[PDB]
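Here the structure is laid out as structure tokens; the discussion comes afterwards.
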Number of protein chains: 2
Amino acid sequence: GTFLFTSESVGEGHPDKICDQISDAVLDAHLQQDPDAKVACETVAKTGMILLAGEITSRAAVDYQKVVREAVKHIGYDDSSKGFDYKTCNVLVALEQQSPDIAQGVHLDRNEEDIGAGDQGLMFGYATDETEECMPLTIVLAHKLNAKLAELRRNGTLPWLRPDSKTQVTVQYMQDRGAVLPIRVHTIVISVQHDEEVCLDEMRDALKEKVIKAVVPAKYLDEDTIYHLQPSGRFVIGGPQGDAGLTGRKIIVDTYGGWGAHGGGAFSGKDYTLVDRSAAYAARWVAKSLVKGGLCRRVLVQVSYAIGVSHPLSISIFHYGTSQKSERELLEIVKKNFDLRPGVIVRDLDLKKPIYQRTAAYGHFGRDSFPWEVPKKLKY
Amino acid sequence: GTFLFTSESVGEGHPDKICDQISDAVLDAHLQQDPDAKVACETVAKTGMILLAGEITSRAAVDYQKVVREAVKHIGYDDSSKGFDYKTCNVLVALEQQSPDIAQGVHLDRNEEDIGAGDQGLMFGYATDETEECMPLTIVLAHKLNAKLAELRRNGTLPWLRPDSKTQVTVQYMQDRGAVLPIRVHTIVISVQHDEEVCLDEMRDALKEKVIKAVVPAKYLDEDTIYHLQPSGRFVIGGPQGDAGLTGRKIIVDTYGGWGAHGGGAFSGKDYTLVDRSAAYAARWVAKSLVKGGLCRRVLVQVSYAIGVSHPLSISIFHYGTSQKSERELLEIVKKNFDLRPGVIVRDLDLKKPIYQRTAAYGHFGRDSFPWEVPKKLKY
Ligand SMILES: Nc1ncnc2c1ncn2[C@@H]1O[C@H](CO)[C@@H](O)[C@H]1O
Ligand SMILES: Nc1ncnc2c1ncn2[C@@H]1O[C@H](CO)[C@@H](O)[C@H]1O
Ligand SMILES: [K+]
Ligand SMILES: [K+]
Ligand SMILES: [Mg+2]
Ligand SMILES: [Mg+2]
């Protein structure tokens with residue numbers, strides 16, 4: 001009755017995550033000046049280059065050079081020896097207004113409450129009672145391993161670390177009436193960029209003693225756990241020099257690590273009218289409210305939209321058999337307690353607030369008591 | 001016992017799909033000259049611009065200007081009146097060699113059979129007996145609606161159509177012992193770019209009579225079906241001018257439309273050593289072989305890898321209760337019949353053949369009898 005499940009995460013300096021953080025830094029900069037900014041900012045990163053591409057309509061005056069470079073500085077790429085330097089990289093901007101055809105169809109002359117969806121699409125929310133934060137253990141551990149690397153890099157415990165890292169965690173689970181119970185960690189992978197001077201054995205020892213053992217509860221680790229630590233043997237070249245980055249290429253790292261489902265939309269760089277983000281946040285909020293409310297132990301929520309239409313086209317609830325109530329009953333409860341119009345979500349989840357850069361690494365869910373992580377008390 | 005499920009698809013000229021097709025055109029061009037080319041080609045599209053970014057190590061001599069422009073020509077963007085023209089757009093190239101640190105860790109001096117994975121990561125395969133091609137009806141219909149638009153555009157039946165389109169299909173399903181049974185189409189969305197001269201009513205009538213009714217079996221369509229046709233009211237600006245495109249931003253459109261699961265990796269622009277693609281193809285192949293072999297009606301397969309390691313780190317089978325055999329038994333059958341090392345997958349699925357551009361629109365699965373769509377006869 002046991003099975004394996006694997007999730008991955010990446011660090012703040014993984015080239016794809018760099019792009020997500022910059023895109024949300026641009027979004028936050030606009031919202032600080034114009035809460036109703038329309039933002040669709042894609043970022044591309046390669047050796048020596050940050051490119052901004054997309055559509056922004058805003059009353060703000062934003063210094064893109066400063067915003068991008070400050071974001072890269074925060075990540076830690078501040079010297080050519082590290083492969084990338086905020087002081088001297090190229091920043092290119094290819095930003096235009098929102099298409100007037102889109103503007104007239106989505107929000108122009110529409111009361112905020114009844115604004116249309118900024119696009120069609122589908123979105124999922126997921127929650128599982130296997131952790132206090134209602135997230136799969138596989139991805140929670142994966143995120144925390146990268147966070148520990150960043151912590152030990154910035155505090156100088158491991159000065160040889162560089163910002164680009166990847167982790168992967170395989171957990172053995174037990175089935176429990178549709179719910180899942182973690183038993184043990186089966187395999188951990190860690191690859192992290194490092195300086196030229198540190199040897200492989202020193203790095204592998206540190207990754208086991210100072211990162212994994214400092215992160216993963218001992219009850220999940222045993223003599224049989226498999227460790228793949230710096231399995232490439234050498235990872236000096238990294239960041240954008242090692243691998244092109246793009247916004248929206250870590251959407252499973254951003255959400256549930258393969259558990260639940262995904263509708264395909266990226267989060268970073270998008271204002272609240274773009275339901276790919278806001279509706280995914282709302283769907284998480286619904287799912288966690290159902291689990292924390294004791295109606296189920298594990299649940300998947302789908303919603304979908306049409307461009308220009310405020311009300312969702314479909315809503316679906318899948319509880320994996322972990323509720324006494326039928327899925328139909330849960331759907332009725334959701335409809336009585338939630339209003340998933342984008343012009344209502346924005347108020348409930350405070351999505352004009354410039355807090356988006358905080359979401360763009362280590363997952364959008366399970367952390368920091370964002371509004372979508374604070375369950376709603378359900379009436380039924 | 002009924003529920004809704006929604007999937008979307010996009011056309012060949014959706015800016016994200018444009019990028020996928022160009023990336024695979026570049027991949028195919030290299031493989032035509034060098035079957036062992038190492039390719040990691042990202043594409044970015046915005047008004048007037050195609051940018052290539054990434055890492056290629058190859059003995060080929062490729063004319064990127066010709067390959068990109070020929071791909072855009074094939075899609076149909078051949079005049080400024082359409083928003084984009086292969087003859088006069090900018091093509092920028094930021095391509096470098098594969099990182100030597102990656103090269104030494106993955107494939108250098110390693111027998112082809114025992115080559116390491118080109119990265120860590122997780123991948124899923126999925127199959128469902130609800131259609132002959134073992135795909136969810138929602139996404140099959142969504143793809144076919146875009147294909148019909150492209151057919152009627154290219155054959156001149158609807159000369160006002162332009163290449164950029166999106167569709168979305170909501171199906172009502174019935175539960176059947178873990179399997180799913182389509183009952184009816186609940187909602188269809190179609191948005192497609194059009195010329196300035198055609199009126200909204202003419203377009204909406206054509207989309208219902210010449211596209212939907214020509215694609216969707218009448219048994220699924222009834223008086224209650226909801227149609228959202230050109231719901232924005234105007235879609236003249238489109239393609240990259242309307243919305244920035246990036247490679248790997250339609251990964252759910254590329255796979256199962258929200259059904260099953262996804263590990264996060266993009267397909268287009270990647271050679272066989274990059275398991276994000278090859279292992280996803282192999283996982284589809286496993287899943288379809290199990291369903292077509294009569295061992296289950298609906299199944300999800302996970303695999304995962306570590307960079308530099310040939311053998312998978314984990315394999316998992318989820319059959320939704322649609323088999324008499326346990327999931328453990330199915331896993332044993334998979335292990336006896338499949339070898340999921342990347343240096344074996346390449347031989348079984350012929351992944352050095354330059355056929356990748358054919359996969360980059362209308363989904364990678366359920367079509368064209370690619371090698372991963374031809375089930376393996378299982379011994380057990
Ligand atoms: N030499 C290497 N060893 C391990 N991981 C690497 C190496 N070079 C790059 N990576 C990571 O793998 C990703 C994909 O190549 C990169 O973005 C980086 O995070
Ligand atoms: N005016 C419009 N109406 C409907 N869909 C549109 C419009 N403009 C662009 N789109 C589609 O929506 C996507 C996201 O904006 C675009 O890439 C395009 O496919
Ligand atoms: K890449
Ligand atoms: K976009
Ligand atoms: Mg990537
Ligand atoms: Mg997109």
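Sequence lines set the chain letters: A, B, ... in the order given, protein chains first and strands last, and positions in each chain run from 1. Counting starts at 1 for both ligands and their atoms, in listed order.
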Check ligand 1 for N or O atoms under 3.5 Å from a protein N or O and list each pair with its distance.
unit_1	atom_1	unit_2	atom_2	d
ligand 1	1 (N)	A/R234	O	2.8
ligand 1	3 (N)	A/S232	OG	2.6
ligand 1	17 (O)	A/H14	NE2	3.4
ligand 1	17 (O)	A/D243	OD2	2.9
ligand 1	19 (O)	A/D164	OD1	2.8
ligand 1	19 (O)	A/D164	OD2	3.2

Give the intermediate values and the outcome of side chain to side chain donor-acceptor pair (under 3.5 Å) for residues A/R69 and A/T88. CA-CA 9 Å; A/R69 294 176 192 279; A/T88 57; over 6 Å; no
Run the side-chain contact (heavy atoms from CB on, under 4.5 Å) check on A/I190 and A/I212 step by step: do they pass? CA-CA 9 Å; A/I190 302 177; A/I212 292 170; 3.7 Å; yes
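For B/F365 and B/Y126, the distance between ring centers is not under 6.0 angstrom. Annotation: A/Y362 is not in aromatic contact with A/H143 [ring centroid separation under 6.0 Å not met].
Residues B/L92 and B/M49 have side chains in contact (heavy-atom distance under 4.5 Å, counting atoms from C-beta outward). When side chains are defined from C-beta on, A/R234 counts as touching B/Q104, because their heavy atoms get closer than 4.5 Å. In this structure the side chain of B/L351 reaches within 4.5 angstrom of the side chain of B/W372, judged on heavy atoms.
Protein-derived N/O/S atoms nearer than 2.8 Å to the Mg ion (ligand 5) total 1, waters excluded.
No side-chain donor-acceptor contact under 3.5 Å links A/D85 and A/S80.
To the nearest 10 degrees, the K ion (ligand 3) sees OD1 of A/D243 and OE2 of B/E42 at an angle of 150°.
B/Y256 and B/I139 get closest at one heavy-atom pair: C-CD1, 3.7 Å.
Here A/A244 reaches the K ion (ligand 3): one of its N/O/S atoms is less than 3.4 Å from the metal.
Rounding to the nearest 0.5 angstrom, the gap separating the CG atom in A/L229 from the CG atom in A/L200 is 9.5 Å.
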